[PDB]
Every structure is written in C-alpha cells, then in structure tokens.
C-alpha cells in the first residue's frame, strides 16, 4: 500500500538513514533512489514525502481535498493543540480560514496596502537617521513585518524603539530559532520520551505562553473599549462574531481559537517575510547590477517623489521577477509545512492511510531543472520572457499550493514589493564585504541566511 522507502527500525524509524549534508540533502538522496514519492519513518510515524513539481501539484492541486489536512509540529503543538487557523483541521480550520480570509480582505478603516506603505515610510524615516552607518537589518525587518500583523490584529503599529515591542520581538524571534534548531527536530521524532526532560521545547513553550498572555490582555482591552458599529481590527471583528454565535454551542468562534488564531498570524506572518527581505538585500549586495536595474525601473515607472503603490508592480516586471527569484532561491520553507491526508487516499501506485503525514518538499519544485535554467544561481530571467514581460512558472510555489496555500500570500507579496521598492527608491546600498566574497549559503530545518552588515546611502 504505502509508497516505497528505507526499511524502518522499531521506535527509531529511519533515524540512521541520514543525514550528512542535511535533512534536505537526505531527502534529495532518498529521492534519487526511491523516486519522487517515498515513505520515511520519523520515529514510529510514517511520512509520505512529495518531491518535484509534478508530484506536489498532483497531490495538493489535483486532489486538493484529500491533501488538505494539517500535521502537528511537536515543539509548538502543546501551545496550539489543534486550535488556530494554521493547526486546525476539518470544520474548525474551514471556519477560521473562511473568517480570517474574509476579514483581512478588508483590513479596520485604512487598507492593508495603506498600512504597508505607512510602515515603509516609517522604515525610510528610520533608516535615514543612521546617515549611512553600518547596521544589521534583522531587527528592523522583523519589526516592519510584525508591525503589519500588529496593525491588522491590534489596529495599531509600534514604534521601532518601544521596549514592549522590542521585548515581544526578541521573544518571538528566539522561538523561531529554537523551533528550527536540530534539538527541536530531535524532539519531533521522540517527543514522547523527551517531553519529560529539559530542552528547547520548554523554552519555546514559555516564550509562546508569554506572547499568548499579551494577546489575552489585548483581547480584554479590546472588549472593554469595543464599539460594535466601528470594528478596529481582527480582534474586534472576531469579538463581534463571538457575540453573534453566542447561542450556537457548535461554534468554533470561542476564546481559545481567538488567542491562537492571532498567535498563528504572528507565527506565519513575520519570520518568513522578514527573512525574505533580509535574504533579498543580501542578494542585492552580491549583484549590484540587478539592484541597479531595479532602481532604473523604479525611476522610470514611479519616479523619485511619490511612494510606490501596489498598482506599480504590474508595470514593473523586472522588479517583480527579481522578487520572484529572491523567493525561489531563498527557499525559506524547503520542506513546506506538514500536511496529512483527510481520508484513505489513492495516490499514484499507493494508498496513503487516513491521517498519514505528508511533507510537500517545496524546495525540489523551486529548484526543478525543468522550469529553471539555472536552479542554483540567481537568475531573474527565470521569470522574464523574450519581450521582458513577467512570465508564470510552474515550479514557483514558495507559498505552497491547494487549499492550504498561504493564507497571507497577497499580504506577503505586497510587503515584499512595497518594502523592496520603497527602500531602493530612497537608498542605495553598500557593505564591507566585496560582492564576490559574499556567501549566500545558509546556516537546521530552517534555511536561514547568514548575518551581515549593510549601509543605506540616501539618494538625490
């Protein structure tokens, strides 16, 4: 029934069938023997691995409903516990997703785009203060993407030097490092034993509990100040839907799903976006001619006075292609987020029993040599046709595909476009390291780029 793969040991599974270069290189090596679809054992748990564009498309698109289940991540499950939009399943997920999708479509008063532009203006104002001083951009890029989520859920942004904000930021971004760490990957395989002993899991738990506590306080603060005729944000809207469903005891719109849906938005909405911006500017230091062409396109379509608007992207295929290529080569979620099959499901030769975990290895699509001339080399041409127009690419699935496709895709892409262009419109860039010496190779389950310094040199 199950797809082929290495014979598992009891308890340990295919632990010893790796890892060498890494978990990605193992899967790549495993793939080269067993094919594009294979079974691997994480401890005693069987997982089906989907490799290559065709197989991932065939599962997530052509059988969308079967492959619409969400798998657990062991280090954060004790916080989420199947609540919230990311880790919910079945009807719960369906309802939270529908509500969330519909809600963020409107904001609040001012739109998400307008908030991103404002954030972009705040960023520029801030960068301008350094006067070309060296800086690591990690914090500011974590801040700007968190502020967009804060704007959406709390109806406001925080100042960049606010200690309340900075403390939460530090809390958040320690958690991501720990979640991705090798120790948490060991915890994934053997949580049942390891949950009784000290480890990264305890620290992840406390960090996320602190964040949840802050969110709970905001919720109470929102309720206490609520104008039901004028919702300010996601929480107000959710609070109003809570009231409407007050009678229905089969309603998913209760307190627990509120707290953890908000946590979910921060969990999925900050790290990947920030790192994408950080990785992007690393590439822009390594390839100044690209950066130069982007600025020329900014100057031609937008000019030097008004700020970029999302409308501009349609007229800026080169920049848009650069952003596509940044996301592709960046490959920030190489294994995807874990799925499960919602029923005994027929896939190629095989039957995947109900609730079996499935990893869609986005990386193998993003590096698919069918769709990309130069998979391992930065090449904006990958997304440009012979007329210099943006071209769609079947391999390009950084946000995944199907019913679980990134709920924030449009928000993510808008941030990417407006931040990159608003920054480059106002600043050129430099750093101590010669372009030729800049190393793009990442630092376990994460694909995190190395730290670096950059200058933002005001223009005009």
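Numbering follows the first chain given and starts at 1.
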{"query": "Unresolved deposited residues lying between neighbours residue 107 and residue 108", "finding": "1 to 3"}
{"query": "Deposited but uncoordinated residues in the residue 20/residue 21 interval", "finding": "none"}
{"query": "Given 158 to 166 and 243 to 251, the range whose Cα B-factors average higher in the PDB entry", "finding": "243 to 251"}
{"query": "Which of 21 to 29 and 433 to 441 has higher mean CA B factor, as the PDB entry lists it", "finding": "21 to 29"}
{"query": "Deposited CA B-factor, highest of 298, 215, 283, 352", "finding": "352"}
{"query": "Residue with maximal Cα B-factor (values as given in the PDB entry) among 427, 38, 399, 419", "finding": "38"}
{"query": "Residue 188 - which third its CA temperature factor falls in, relative to the rest of the chain", "finding": "highest"}
{"query": "Chain third (lowest, middle, highest) by recorded CA B-factor, residue given as residue 408", "finding": "lowest"}
{"query": "Among modelled residues of the same chain, the CA temperature factor third for residue 341", "finding": "highest"}
{"query": "Residue 134, C-alpha B-factor rank within chain (lowest, middle or highest third)", "finding": "middle"}
{"query": "CA B-factor ranking of residue 262, expressed as a third of its chain", "finding": "lowest"}
